[PDB]
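The form deposited in one PDB entry is given below as one chain in structure tokens.
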């Protein structure tokens, strides 16, 4: 049926003619109630949010800001997204430039997602094309600065900012995973910008077990104040003998993501069952903390240099690190068939002197362009450089150094951070979050000449 379009930007639950975001969620919660009188109470709507065969899709208007004075509790599957324009019209606007904003005006988290139904467990929630802004420095949140989650949470095409808490700056993810514990929270984030989030532990995500997957995203300017902690922190390991299947499945970890300028502790603590593939992790305080003692973790096809601490291992760890651009710090447990690419001492990582800015095509050194967001892209990245000092592609430390065979646990991703397909010509791919595709640097070098 019809989607629920929120018709006021204020935070309210008052029976009147307008529909608020809180009321739109409360409508979907009540239609999902196990009490027949509650379901019948919202047969024709709830306090301004019309119903009568309405969908579970909540629509927010483009370029509008919706304020919350306290948390919204979600007890039923639903989606919240920004209204989409006509696709048959010329849309040259930059992606994500018209996202609706959900803004915390108080000191609370934005959402709590949980369920207390007799069976009928683990529903899904989709947050799409939204600007989620937390309380920031005014936050009083203990766990989950933006969201406390116990369900199947997917966030896409979104900005995640201002999530401050003691544990889990963006998300605190509850729940343990086993054959008997089937009601656990899981976090899936794709094509999103994660910035300005802080926590004492789990600066971005604090999860009780490795139950998150971050792909095609930018992670910048976040902090975990415990310098031994992590931005994506797993409190406990899995109950053994199951991690050998999780890693080959590549269901938990980080992929196709650019991670730079983060502060304090590590990006993530790599436990058994987790994987890291095709990420660009540079210019951070700390990179990867390795504690996969069974050897059921995989780190591949990534750029893991230019951080104050690139890798650091716990007392027992056997994480398989292969086909990465690394220094000696991260050259651990590498196989002879899939070795890492060692980072030479005399190697300049970024062209020019700025970590972020316009790239100088007429620069003879520098593996990567500075960070930049093209006008046709939501997220920015460090584009690999095809230098003139490369007689062949074998001279590059990044380009065509991976293998694109779900084969061998060292295969590149099918896509890159931008969502573009990695062609896999000659079964080869580029290290890091970005596959080299367009050759405008070569075109421009001919025009600048003479």
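Numbering follows the first chain given and starts at 1. Each form is matched to the other, and the largest set of C-alpha atoms that superpose within 1.5 Å is called the rigid core.
Beyond what is shown, the protein has a form deposited in another entry; the following relates to that form.
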- Scan 336, 345, 118, 137 for the one whose CA shifts by 2 Å or more between the shown form and the other one after superposing the rigid core, and name it. 118
- Query: Is residue 63 one of the residues whose Cα moves 2 Å or more between the shown form and the other one, with the core superposed?
  - Reply: no
- Message: Taking the rigid core as the reference frame, tell me whether residue 33 has a CA displacement of 2 angstroms or more between the shown form and the other one.
- Response: no
- Message: I want to check residue 426: does it shift between the shown form and the other one by 2 Å or more at the Cα, with the core superposed?
- Response: yes
- Under comparison with the form shown, the C-alpha atoms of residue 337 and residue 425 in that other deposited form shift by 3 angstroms or more, placing them farther
- Note on the structure: The CA atoms of residue 356 and residue 391 move 3 Å or more in that other deposited form, ending up farther
